[PDB]
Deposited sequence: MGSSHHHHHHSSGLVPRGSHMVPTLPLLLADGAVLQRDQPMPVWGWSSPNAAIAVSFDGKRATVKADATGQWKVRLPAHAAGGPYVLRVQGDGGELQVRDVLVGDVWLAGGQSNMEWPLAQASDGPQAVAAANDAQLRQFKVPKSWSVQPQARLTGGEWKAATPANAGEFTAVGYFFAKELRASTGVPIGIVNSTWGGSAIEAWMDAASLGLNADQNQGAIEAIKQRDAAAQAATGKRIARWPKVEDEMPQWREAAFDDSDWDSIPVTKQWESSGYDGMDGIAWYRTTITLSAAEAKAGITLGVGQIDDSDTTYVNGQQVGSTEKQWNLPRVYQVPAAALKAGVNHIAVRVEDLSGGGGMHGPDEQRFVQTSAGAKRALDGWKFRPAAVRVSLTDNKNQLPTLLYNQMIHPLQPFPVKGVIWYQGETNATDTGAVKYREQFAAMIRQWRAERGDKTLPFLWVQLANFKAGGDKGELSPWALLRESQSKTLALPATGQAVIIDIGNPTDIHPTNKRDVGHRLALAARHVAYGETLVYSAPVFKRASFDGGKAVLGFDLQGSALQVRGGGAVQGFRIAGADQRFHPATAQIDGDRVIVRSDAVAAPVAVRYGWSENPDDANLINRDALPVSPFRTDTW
């Protein structure tokens, strides 16, 4: 009488268009048969009692029944869809449930999609990497269930349902207040294999590692507030890149799409002088775009100055889905605002070159450009004026005759910064210096 992992249960969404692993346990050397939509595979478990087959790549569809057959009896897994599965991780703002979004009641009331599903990994930890989850089931996006979906993940999935027309499943693996070190395996930290959600490897071991044989289309991520500190904001860029590369290596896919949300604006109290840990962390996030198959949603226009938990999650999901459509689905569209590329300082002016990313630079509210500061060699930054000229912005200040650096939206709460494109996507904060 065989058993299956918690992910291969009633209502599951399985990753389409790549090999389909089915694994589980039984008696040692037990004979096992697995069938799915008229395909059958047999295998013998090993002396541990573990068994695994790979079923052919299957196109989007469903519902189907996954049958597993041993000599003791049969397991039937019902209402299985085949589509795209996305892993959704991070801390509070990915955990944030749909019911508590700005549109929560109305969005839950509109959530009537049997082909959009979530698997909520329970908050759990372990000092060692684990082969099994300790809980969780698949729920479809009905009004009875959708209130508990990740708000950002639901809205992201709702966008993909419309652009792909295939089933979407979200594996929700989140924990409010967590540090990235808790989500990283021992190796990415240089380690051997208090609040536990801030301790190295403890969440990865129980909430990520067991998921890794389950194929996914890509990952969406919203984390970093906890690491936006004097000590961890810059080194986050190396930790985050290492985390992505390791998750990817574990899954055997060095270009597995990995998308994240840059921190929103928040009066975090960390800014002092020209030091801004939150702006340093956002930079660490933007630098990670150097890795292949990555994208970033910028959201400094929709944070809450006075609450680290902004309730506008619909627009977060919209911008992650733009990026997913480019990075994971190979589509051409405006998925990013213009990106700063190059700076030249001649005269009393700085000219900044942007990659326009398929759009045009404009200004929220239509007035003068806000959010720029400029510094001389003394490294003191003054407010500056800025003018748009196609793919360039020219920046200057009456009080800086020999500028050497420019900073745009470089603070924890850059709620004035107003450079956008014609689709109203905001330009990411940035700086020209490495001070």
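- Unmodelled regions of the deposited chain sequence (numbering from residue 1, in sequence order): 1 to 21, 215 to 394.
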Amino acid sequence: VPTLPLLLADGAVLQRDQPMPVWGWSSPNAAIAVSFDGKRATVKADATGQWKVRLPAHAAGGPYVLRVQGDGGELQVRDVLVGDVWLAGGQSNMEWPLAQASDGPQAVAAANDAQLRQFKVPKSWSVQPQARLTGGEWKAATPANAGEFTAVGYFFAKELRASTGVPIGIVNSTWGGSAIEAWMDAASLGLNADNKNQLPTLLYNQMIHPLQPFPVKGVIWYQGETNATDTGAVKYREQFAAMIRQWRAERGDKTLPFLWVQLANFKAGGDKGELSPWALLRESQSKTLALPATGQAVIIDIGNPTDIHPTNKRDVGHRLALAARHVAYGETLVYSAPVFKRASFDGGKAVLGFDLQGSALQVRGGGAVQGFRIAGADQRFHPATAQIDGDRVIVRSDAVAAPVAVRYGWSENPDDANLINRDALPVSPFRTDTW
From here on, numbers count along this sequence of modelled residues.
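- Remark: stretch with higher mean C-alpha B factor among 103 to 111 and 312 to 320 is 103 to 111.
- Two stretches are in play, 273 to 281 and 339 to 347, and the higher mean C-alpha B-factor belongs to 339 to 347.
- Across the residues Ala241, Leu199, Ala193, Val80, the deposited record lists the maximum Cα B factor for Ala193.
- You'll see in the entry that, of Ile220, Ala360, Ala144, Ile302, the Cα B factor peaks at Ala360.
- Ranked by C-alpha B-factor against the other modelled residues of its chain, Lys254 falls in the highest third.
- Compared with the other modelled residues of the chain, the Cα B-factor recorded for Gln76 ranks in the highest third.
- For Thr231, the recorded CA temperature factor ranks within the highest third of the chain's modelled residues.
- Compared with the other modelled residues of the chain, the Cα B-factor recorded for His326 ranks in the middle third.
- Annotation for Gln18: CA B-factor lies in the highest third of the chain's modelled residues.
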